[PDB]
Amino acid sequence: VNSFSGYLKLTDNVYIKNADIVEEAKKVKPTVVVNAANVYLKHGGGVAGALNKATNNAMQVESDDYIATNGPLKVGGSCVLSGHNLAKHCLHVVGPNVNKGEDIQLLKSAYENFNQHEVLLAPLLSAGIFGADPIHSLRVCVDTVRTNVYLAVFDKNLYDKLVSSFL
């Protein structure tokens, strides 16, 4: 049994809810919240900008030190950093950004990072300002992630379309 409330069950291991991931993280304090990161961990906008704002920029400060030591992530890759006030850990995952021309096949590799964590609160990778089709992102999630994932979808309209169209 876990703390997550109000989710619709899509499969054995994937759950979805219309929710602000920031507000959900604040309520649940999950072991892992996933960030929709870029390779530079520059948390300017979208999910990343919202998570970082909710940490009062402490996520960005920590991220800048990570990059200064390790260099950029790979598209499809991830790193584990602090969850600050939102979660125990933040898994920063880089999905491909279609608005930069990145290979959508890298979306599966991105979701494979989730399998290193038994339970996660996450957004749909490569959705929103990363430019991918969220319906596609949800299909890749279901077909790739085997651990228990609780997906937060900010937009109510999109949430209802994801559920209604789910095979």
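Don't overthink the numbering: it's just position in the shown sequence, from 1.
For the pair 113-121 and 96-104, the mean B factor over Cα atoms is greater in 96-104. Stretches 139-147 and 154-162 differ in mean CA B factor, with 154-162 having the higher one. Split the chain's modelled residues into thirds by C-alpha temperature factor. Residue 132 is in the middle one. Annotation for residue 85: C-alpha temperature factor in the highest third relative to the rest of the modelled chain, per the entry. Per-chain ranking of the deposited C-alpha B factor places residue 67 in the middle third. When all modelled residues of the chain are sorted by CA temperature factor, residue 31 is found within the highest third.
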